[PDB]
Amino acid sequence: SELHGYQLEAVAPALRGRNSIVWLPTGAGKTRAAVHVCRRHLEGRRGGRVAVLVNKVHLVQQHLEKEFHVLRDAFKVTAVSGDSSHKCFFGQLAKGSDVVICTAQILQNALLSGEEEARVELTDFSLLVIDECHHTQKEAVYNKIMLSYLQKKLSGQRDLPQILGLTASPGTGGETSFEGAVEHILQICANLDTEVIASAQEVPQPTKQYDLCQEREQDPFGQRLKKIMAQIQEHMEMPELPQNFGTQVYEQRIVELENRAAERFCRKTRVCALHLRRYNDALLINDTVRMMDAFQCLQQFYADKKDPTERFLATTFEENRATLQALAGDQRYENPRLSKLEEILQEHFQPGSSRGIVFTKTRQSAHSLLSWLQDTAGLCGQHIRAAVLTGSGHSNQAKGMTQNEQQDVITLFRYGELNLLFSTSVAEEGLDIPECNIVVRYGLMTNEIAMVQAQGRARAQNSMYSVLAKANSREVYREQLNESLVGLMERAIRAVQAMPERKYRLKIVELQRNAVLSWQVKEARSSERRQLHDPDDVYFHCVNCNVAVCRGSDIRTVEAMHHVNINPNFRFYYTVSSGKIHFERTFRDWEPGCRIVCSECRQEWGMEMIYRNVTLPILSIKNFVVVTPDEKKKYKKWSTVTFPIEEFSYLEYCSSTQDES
């Protein structure tokens, strides 16, 4: 299959060496077009080196095996893999290759590197191909790489690589006016240093349907959770507490209350707020999947549990546990979201032939939908072979899927060994399954880019796209708005394409200049906030029992990421709990040791890091209240702390530790 006319046309500017964005519909074959650009680019001058940037782990392998491998007749093409069992540094890999395919953060790491073997410059490439280039916005890695490109361009750096952006959907960036949308397109062009947006000016699409579901007539499971939540809030004895149970707003307010209580050391308020968040999580789960999924959320929280507040809460759950379980087994109170999804799958998987992705928000939700499908008698004998697909995201609630684990599911899905995926947003862009003919979006609240992309996974002739949402909801509204935003985005792109060259050029220079200036201001602002306090005047307190445990001056950063306490006497404040934590990925310089906890109350603090031949405690900031002479604050991220932290030195630490004994 040689290139279609539209492909050749879309890459004509790139073939003349112009920076461009190729804007072609989902599944139009932007990738093969880009490969052709790389072939002629590399042919047209020796010494050329191409970087192909992607934004999902599995796209590295997909792009190699289905497209970029054809360049191996004449050129060396390397796909970066986190699973290589002969690992070297990026610079070595890239400098010894004609084409390097990697996730963008791999390149950004190399572009910022200290060590000489790993270091790379933008000038070491003659072409950057940026897949799904609509992510080249704000502080995403695509935009960090390109902001550096702009800085260099504006200072008169020469032989910067050519830029080839690929996307189906620049988006409108929240803008709902023509003027706004046009400005957003220009901002994307500015970010990517685009000379021309090239399209097919001179690919089937699915029939779309709204599968609306009504609120549950009777929800005694949810009602009972709400009654319990009211009881806990009465026990807290506080006026003006929120009543809007089962909402993300209540979730926010109750965690904010939890944080204020942590900051003032209000133990009873904080612990009750903690548990209330869990009950609220259960309501959200109840509204999204099965009652029993919501029950298991609460049950696992209380199974792993003295203090009279915490025993009041244990007692309160125990008093309702059996009733909650029995209600959860009752077919009468089934989730209409799930009934609707059953109808859809019953209709489209009769007779095997259908090849579907059901998109859901959370990793947990994907797993719960699979279990639901496997427990649903109405869907048996339909030859539905389903699996979960998630990305590499990870949390206590739900672990991720590694590169290989993702690839295993995708490869079986490709020819129908599996015929249905329950997927997170990991598979909304880029994934190419020619036989996929059904996409269902299950109660999602996304922008128009995610809508267009997810729809686009249905590659087949006569594909179907279903919006499964609650009737009269914000989800339905946002889907309808998003549809109009696609049309508006298209209008905006056409206006930028027809813009007088001189007016376009002046506008790009202006946006680029403002971008590089705004970055400098943001950087200076971040530095000032970081220098507000002497580290010696910052104390860390255990969030549970409020005991003082270390100071800011005890903290160092290992590998510009991991915040460790280097004080030899800090070991008297934490206790190591048995059980080595195991990650799937093994690192070069370290592995995780055991979890650490507060030695005076057993509150979780973080974990051991076995860094070369020493063991260092990593402190997770969320388990502490940070106290300065001005305020007490609960932090989510280390990056918002207002004292400076020095980089860890291994040599200096080893030297100082071998003094006492």
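All residue numbers are counted from 1 along the displayed sequence.
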Taking the other compared entries of this protein, do a third or more of them lack coordinates for residue 203?
-> yes
Missing coords for residue 351 in a third or more of other PDB entries = yes
Residues of the deposited sequence that sit between residue 352 and residue 351 yet are not modelled | 1 to 3
Might you work out how many residues are unmodelled in the deposited sequence between residue 202 and residue 203, and answer none, 1 to 3, 4 to 9, or 10 or more?
-> 4 to 9
Could you settle it for me: does 604-612 or 52-60 have the higher average Cα B factor in the PDB entry?
-> 604-612
Given the B-factors recorded for C-alpha atoms, which segment has the greater mean, 502-510 or 412-420?
-> 502-510
Say you rank 457, 337, 305, 226 by Cα B-factor from the PDB entry; which sits at the top?
-> 305
Peak C-alpha temperature factor (PDB record), options 344, 140, 326, 118 = 118
Which third of the chain holds residue 10 when residues are ordered by C-alpha B factor: lowest, middle or highest?
-> middle
Considering only modelled residues of the same chain, in which third does the CA B-factor of residue 518 rank: lowest, middle or highest?
-> middle
Compared with the other modelled residues in the chain, in which third is the CA B-factor of residue 430?
-> lowest
Residue 242 - which third its CA temperature factor falls in, relative to the rest of the chain | highest
On the chain's distribution of Cα B-factors, residue 618 falls within the third called middle
